[PDB]
Amino acid sequence: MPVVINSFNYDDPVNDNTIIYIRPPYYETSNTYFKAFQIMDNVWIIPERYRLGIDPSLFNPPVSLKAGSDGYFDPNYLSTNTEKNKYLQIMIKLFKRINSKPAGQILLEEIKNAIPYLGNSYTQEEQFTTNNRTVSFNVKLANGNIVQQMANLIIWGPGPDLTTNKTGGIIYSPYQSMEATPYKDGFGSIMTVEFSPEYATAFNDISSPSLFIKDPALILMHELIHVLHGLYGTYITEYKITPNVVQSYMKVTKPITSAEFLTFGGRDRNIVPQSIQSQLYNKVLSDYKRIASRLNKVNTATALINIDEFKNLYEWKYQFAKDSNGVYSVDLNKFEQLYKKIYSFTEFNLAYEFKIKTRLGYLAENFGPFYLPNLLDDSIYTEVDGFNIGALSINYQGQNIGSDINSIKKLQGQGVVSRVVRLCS
Amino acid sequence: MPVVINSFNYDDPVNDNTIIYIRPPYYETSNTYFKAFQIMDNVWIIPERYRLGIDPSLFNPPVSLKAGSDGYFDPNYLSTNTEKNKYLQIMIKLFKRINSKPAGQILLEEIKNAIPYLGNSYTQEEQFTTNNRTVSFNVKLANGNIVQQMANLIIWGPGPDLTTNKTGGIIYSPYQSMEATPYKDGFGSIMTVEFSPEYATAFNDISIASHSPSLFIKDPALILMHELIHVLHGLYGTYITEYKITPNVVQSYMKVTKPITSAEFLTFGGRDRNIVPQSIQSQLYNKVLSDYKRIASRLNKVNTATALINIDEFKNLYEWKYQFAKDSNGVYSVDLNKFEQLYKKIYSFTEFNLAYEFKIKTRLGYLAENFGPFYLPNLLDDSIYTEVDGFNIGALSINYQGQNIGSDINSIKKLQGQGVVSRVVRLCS
Ligand SMILES: [Ca+2]
Ligand SMILES: [Zn+2]
Ligand SMILES: [Zn+2]
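Structure (C-alpha cells):
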C-alpha cells in the first residue's frame with residue numbers, strides 16, 4: 001500500500017519506463033522534450049531550471065538589483081549534469097523521508113491515486129477525454145516514436161530565484177483563446193511544482213530566542229499539499245484575506261489567498277472567516293455534484309481504455325454514492341468526510357507527525373536565505389530523522405543554527421564553517 | 001518483529017538506555033569504562049580502536065614489516081571525537097542496510113534473541129549463573145550508579161591493521177588459571193567484533209560476455225554480515241577454531257597459504273560447503289548435538305539463580321533457543337527432528353546467500369584473492385552508497401557496475417597517479 005520510490009542517476013540511459021524524454025505542458029508548439037525521471041507512479045522530475053515564459057535576464061540580476069531582495073540568484077545552478085544528478089539524489093532522499101512515516105505515506109498515496117477526471121468544463125460529457133494537456137503529454141520513446149502518457153505531477157528545479165518554491169495547475173484552451181481551469185473546478189489536472197531543496201529560509205521561536217532552519221522534506225510536503233488540492237480540483241487563487249487580529253509574530257503585507265492558511269493549518273485555519281470556509285465548501289460540493297451527473301453519461305473515450313475501470317476509480321476518488329440502478333450522486337455525509345480528508349493534510353499536522361519544528365504560522369518572518377550543502381550526508385541529514393539525529397531531537401537542536409542573523413554572519417566571516425547551513429550573500 | 005536500529009551522535013549525553021559507560025570483558029581489574037552506543041537490542045558499539053592484549057608498537061609498524069603486508073596501518077585512525085562520530089554514523093547506515101531486506105532482518109533478529117546460556121562447563125548445573133564476564137558486565141549510569149547488564153555482542157573499531165575484521169568469544173576463568181570457552185561448547189557467550197567499515201578489499205571476476213577481467217569493491221554491509229554470522233555461531237555455542245583444511249584442487253581464482261578452519265567455508269556457503277569433507281561435517285553435527293543434549297540435562301536441574309531474575313522465563317527462553325522437547329512433566333530433552341532443523345537454520349546464514357538476497361556481488365569463494373586495499377571515503381553520501389541499494393544505485397545495478405572499480409590494480413594505480421579521483425574508492429599506499 002505505501003508507494004515505491006524509484007532510484008536513478010542522471011546519466012542512466014532512457015528506458016521507456018522510469019526514464020523518458022517528455023514534452024511538458026505548454027511545450028506543444030515548440031515541441032521541446034526533456035529527460036525525465038519517474039520518482040514514483042504518476043510523478044515525474046525534470047532536474048533543470050524552470051524557464052518557460054520567463055525573461056532570461058531575470059536569472060542573472062545585477063548587483064544593484066539584487067540587494068533589495070529576500071531571495072537568492074545564481075544562473076549557474078543546475079547548469080552541469082553532475083549537479084542535476086545531485087538534485088535528483090536529493091529529491092530521491094526527500095521522497096524516501098516523506099515515505100518513512102504513516103502520515104507522509106498517506107499523502108504520497110493520495111498524490112499517486114487522485115488522478116484528474118478525464119474531462120472538463122469545455123469537453124464532451126459523454127466522453128472520457130484523454131487527449132489534451134491537462135491530462136496527458138507526449139513522450140519520445142528510445143526508437144524515436146511519440147506516444148501519449150497520463151500523470152499527476154511534474155516537478156522542476158527553481159526559476160530565477162533559488163529560494164522560491166511554487167505550485168500551479170494546467171489550463172485547457174480548445175479554441176478562440178478560451179480557458180478552462182479544471183484544477184479549480186473539481187476535475188483536477190496535471191500539476192506543476194518548481195522546487196529548490198538546497199536553498200532554504202529559517203524561522204524564529206522562543207524557548212530563549214533562536215533561529216531554526218526548515219526541513220526540506222516539510223517544505224516539499226507543503227508544495228504537495230497544494231498539489232493535492234489541484235488534483236481534487238479544490239485549488240484556489242482568490243478569497244484573499246488579512247488577519248483580523250495581527251499577532252506579534254506576523255508579517256502582514258497584502259491580502260493572501262485563504263488557501264495558504266488552510267494549507268498551513270492548525271491555528272491558521274481560524275484566520276479564514278466562517279463565511280469563506282462555507283463558500284469554499286459549497287463550491288466544491290456543487291462541482292462534485294456536476295461531476296457525478298456527467299459521470300452518469302459517459303459511454304465512450306478518446307483512447308483505448310477500460311471505461312468501467314475508470315468509472316470505479318472516480319466513484320472512489322469523489323466518494324460518490326452509486327444507487328441500485330448504477331446512478332452516481334453525491335452523498336452529503338461521504339462528501340463531508342472527503343472534504344475533511346482533503347484538508348486534513350497540513351504543514352502543522354505533518355510537522356508534528358514528523359517531529360519537525362516549523363514556523364508559528366504562514367505569516368511568520370523568513371530569515372536568510374541559506375544554502376544547505378550536505379543533505380546527502382547521513383551524518384548531517386537522514387531519511388528517518390532529518391537534521392534531528394539522536395539527542396539533537398531534544399528541543400529540535402538539530403535545526404538550531406544560531407541566535408540571529410548578524411551573529412551567524414560574524415562567525416562565517418571569522419571562518420567558522422557550518423556543515424548544516426551557509427548564509428547566502 | 002524486525003528489530004529497531006537506534007541513532008546517536010558520539011557527543012550525545014549518557015541516557016541510561018542507548019548510551020551508557022560500560023566496563024567491557026577483561027577490563028574488570030583495571031576498572032576501565034568506555035562510552036558505548038546500543039545500536040540495537042543487546043548490541044553495543046564502542047567506536048574506538050581495539051587495544052586489549054595488543055603490543056602498542058604494532059599500531060605503527062616500521063617500513064620493513066609494513067611493505068610486505070597486504071594490510072594498511074595508521075595509528076591515528078579514530079583518535080578524534082569527530083572521527084569516532086563518523087564511524088558511529090556509518091555503522092548506523094550499515095545496520096539500516098542489513099535491516100532493509102527480509103534475509104537481513106532475520107539475521108538481526110537472531111543476533112538479538114540468541115542470548116548465551118547462564119552457565120558453562122565450570123559453573124554449578126543447578127544454578128543460572130549471571131555473575132561472570134561471559135554473560136554480563138558492569139555499566140555506569142548517568143547518576144554514577146554501577147549495575148550489571150547482559151548483552152550478546154560488543155563491536156569495536158579496528159586493531160593495528162585497519163583492513164582486518166575479526167570475531168571472538170569470551171573466556172571464563174573461575175580459579176587456578178583454568179579456561180572455559182562456552183561459545184565453543186553449546187552455551188554461547190558475549191561476542192566481540194573488531195570492525196572497520198571504511199577499509200576494504202576488492203575481488204576479481206571475468207565477465208561472461210566481454211571475456212574481460214575486472215575488479216569489484218566489496219559492500220561493507222556484506223562484510224559486516226559475514227562477521228555477524230561468526231557471532232551467531234558463537235551465541236549458539238557452535239563456534240570453532242580448528243578442523244583446519246586445504247582444498248582438494250587449488251583453482252585459478254584461489255590464493256592458498258595455510259590450512260583454514262572449516263568454519264570459514266561454512267560461513268561463505270554456496271559451493272565452499274563442498275570443500276569441507278563429509279567426515280568433518282558429521283563430526284561438527286555430532287559435537288553440537290552432544291553439547292545440546294548436555295544443556296537439556298542441565299536445564300532439568302536448575303532451581304536457583306545468582307541474581308534476581310525470573311527463572312521460569314529464562315527456562316522458556318532456552319527451551320525455544322535450543323528447540324528442546326518438553327514432556328508433560330516439564331522434562332526437557334533433545335528432539336532429533338527439531339535439532340536437525342535448528343542446525344540447518346544456524347548454517348543457513350551464509351555470505352553467498354545474503355549476497356544473492358541483497359543483489360550484492362561477492363567473491364568466488366573464501367579462498368579468492370584479495371586486492372587493494374582501498375579506503376572508502378564517502379559511505380555516508382547517498383549519491384555514492386545507499387541503505388537500500390549500496391553502491392548499485394539505479395542502472396549501476398546492471399552487471400553490478402556500481403561495484404566495478406576498474407580493470408586491475410595496475411590501471412587503477414596509473415589513473416590515481418594521473419589525478420583521476422574516484423569518490424567510491426581510494427587505493428591505499
Ligand atoms: Ca541515507
Ligand atoms: Zn503555500
Ligand atoms: Zn570469516
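These protein sequence lines are chains B and A, in that order.
Residues 1 to 207, 212 to 429 in PDB author numbering are what the first sequence spells out, letter by letter.
Residues 1 to 429 in PDB author numbering are what the second sequence spells out, letter by letter.
Positions of the beta carbon are idealized from the N, C-alpha and C atoms, including for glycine.
Do you know whose CA, among the options, lies nearest residue i's CA?
i: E242 of chain B; options: B:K184, B:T386, B:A355; result: B:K184
i: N85 of chain A; options: B:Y122, B:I98, B:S383; result: B:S383
i: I20 of chain B; options: B:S57, B:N138, B:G419; result: B:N138
i: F203 of chain B; options: B:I170, B:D219, B:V4; result: B:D219
i: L108 of chain A; options: A:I229, A:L379, A:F37, A:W156; result: A:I229
i: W156 of chain B; options: B:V43, B:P56, B:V135, B:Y175; result: B:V43
i: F391 of chain B; options: A:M1, A:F8, A:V4, A:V3; result: A:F8
i: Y122 of chain B; options: B:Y175, B:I106, B:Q148; result: B:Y175
i: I115 of chain B; options: B:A151, B:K140, B:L88; result: B:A151
i: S252 of chain A; options: A:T32, A:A368, A:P47; result: A:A368
i: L141 of chain B; options: B:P160, B:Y33, B:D55; result: B:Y33
i: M225 of chain B; options: B:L299, B:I260, B:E357, B:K258; result: B:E357
i: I260 of chain B; options: B:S279, B:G270, B:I240, B:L364; result: B:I240
i: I245 of chain A; options: A:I54, A:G71, A:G237, A:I275; result: A:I275
i: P2 of chain A; options: A:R298, A:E125, A:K96, A:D16; result: A:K96
i: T362 of chain B; options: B:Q401, B:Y77, B:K166, B:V63; result: B:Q401
Is there a Cβ of chain B sitting closer than 8 Å to that of residue i, yes or no?
i: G394 of chain A; result: yes
i: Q89 of chain A; result: yes
i: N399 of chain A; result: no
i: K326 of chain A; result: no
Would residue i count as contacting chain A if we go by Cβ distances under 8 Å?
i: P116 of chain B; result: no
i: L215 of chain B; result: no
i: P13 of chain B; result: yes
i: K93 of chain B; result: yes
i: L380 of chain B; result: yes
i: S7 of chain B; result: yes
i: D389 of chain B; result: yes
i: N17 of chain B; result: no
i: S383 of chain B; result: yes
i: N85 of chain B; result: yes
Below 8 Å on the Cβ atoms is my contact criterion, and I expect residue i with residue j to pass it. Report the Cβ-Cβ distance as a whole number of Å.
i: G104 of chain A; j: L354 of chain A; result: 7 Å
i: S333 of chain B; j: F324 of chain B; result: 7 Å
i: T350 of chain A; j: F268 of chain A; result: 6 Å
i: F128 of chain B; j: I311 of chain B; result: 6 Å
i: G419 of chain B; j: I412 of chain B; result: Incorrect: roughly 13 Å between the Cβ atoms, too far for contact.
i: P373 of chain A; j: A221 of chain A; result: At roughly 18 Å, the Cβ-Cβ gap does not stay under 8 Å, so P373 of chain A and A221 of chain A are not in contact.
i: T130 of chain A; j: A307 of chain A; result: 4 Å
i: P25 of chain B; j: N120 of chain B; result: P25 of chain B to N120 of chain B, Cβ: 14 Å. No contact.
i: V231 of chain A; j: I111 of chain A; result: 6 Å
i: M191 of chain B; j: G169 of chain B; result: 6 Å
i: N15 of chain B; j: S214 of chain B; result: Wrong, their Cβ atoms sit about 47 Å apart, outside the cutoff.
i: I346 of chain A; j: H233 of chain A; result: 7 Å
i: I5 of chain A; j: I39 of chain A; result: 6 Å
Length at least 4, wholly inside the segment 256-325 of chain A: the alpha helix (DSSP H) runs in chain order: 262-268, 278-299, 311-321
Ligand 2 site residues, beta-carbon cut 5 Å against heavy atoms: B:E264, B:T267
Length-filtered (3 minimum) beta strand (DSSP E) runs lying within the segment 327-376 of chain A: 371-375
Residues whose Cβ lies closer than 7 Å to any heavy atom of ligand 1, in chain order: B:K93, B:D382, B:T386, B:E387, A:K93, A:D382, A:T386, A:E387
Segments assigned beta strand (DSSP E), at least 3 residues, entirely inside the segment 100-149 of chain B: 136-140
Whole runs of the alpha helix (DSSP H) within the segment 21-79 of chain A, excluding any shorter than 4 residues: 63-68
Beta strand (DSSP E) runs contained entirely in the segment 207-258 of chain A, provided each spans 3 or more residues: 213-217
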